[PDB]
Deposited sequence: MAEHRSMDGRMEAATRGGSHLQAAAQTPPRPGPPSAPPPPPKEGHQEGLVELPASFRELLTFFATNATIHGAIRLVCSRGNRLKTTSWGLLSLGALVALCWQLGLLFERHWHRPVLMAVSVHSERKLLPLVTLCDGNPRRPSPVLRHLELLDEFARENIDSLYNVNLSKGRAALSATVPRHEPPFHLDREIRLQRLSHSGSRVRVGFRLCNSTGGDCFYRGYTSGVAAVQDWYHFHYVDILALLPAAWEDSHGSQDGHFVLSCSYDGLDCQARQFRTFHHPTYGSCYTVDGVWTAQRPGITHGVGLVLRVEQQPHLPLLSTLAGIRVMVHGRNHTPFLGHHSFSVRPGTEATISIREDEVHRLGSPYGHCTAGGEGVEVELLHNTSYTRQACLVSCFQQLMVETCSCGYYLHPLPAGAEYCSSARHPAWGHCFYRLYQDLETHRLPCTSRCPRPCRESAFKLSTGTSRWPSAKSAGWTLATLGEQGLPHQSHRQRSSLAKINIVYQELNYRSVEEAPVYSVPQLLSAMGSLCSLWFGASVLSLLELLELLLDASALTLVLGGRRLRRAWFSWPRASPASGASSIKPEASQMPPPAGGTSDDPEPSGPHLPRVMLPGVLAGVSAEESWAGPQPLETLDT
């Protein structure tokens, strides 16, 4: 039976770097406010030119190129994201209530203590429902129901600009972020997500055969092979790793404090992915048996105007500041998954 991961879209400001992120917020205001009406490199700066963008150069200056966009909404987003990545690699040594207000299954209660929790820099805090139980029947009373807080005010205003929970449905023993079947839920609604699984058999046989070595514990899958291959190219060309990917045992995450031209390196390799120059796609096969999840979703307003007096008390019971909530019903659509072959 497949799992589901919920991510809040609101990453933290880790205490070890709290001052540096304030420096970046100040710098970002100084820039946007110019284009329109302390280790961080203040010269990797936004420019109005493509119509707006930012330049990247070689370690001695010399060669340079611009990433440029039709609109500032894209340029500011990506530029701030680059500087955010440039900070988080500095500190710490990878060190570290919930947004799940309530959970239930078939009348039973459940809590965050029963989920598995982790973070990812661009998706925020994440929880895995990790159900070891077997689906009894179709219908909502036989799948989980979850009530979730969407943190509309304290979003980091430049890093990500969506209001809603991200849903990722995936198999057992998978990291959720690669090959993400990312569905999303608006605040103030109840989303009824029904899951159907398709499988295909024919390639790398569950990890047996040819591979490029992986950098995290998982079932083998093509996307993970591409990610580790990209990280290998990054590390072997520029002796540091990119932050949104796992880190080889002998590497360091890139930052201007030690790798003063890493942006040029990264975005040229990423352009090789944009134009599909990289060798990884030829190195990495599909699994010899594989499955994909297909979601059919209905949505409705929640809570009703008359029963809204309840969610106010559910927030008060948790003492939370404060429609702001969302609800997700997750249904396993049919006991009818079967393989496609020949």
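**Item:** Parts of the chain sequence, as deposited, that carry no C-alpha coordinates in this structure
**Value:** No C-alpha for residues 1-127, 165-184, 197-202, 250-256, 363-369, 490-495, 516-638.
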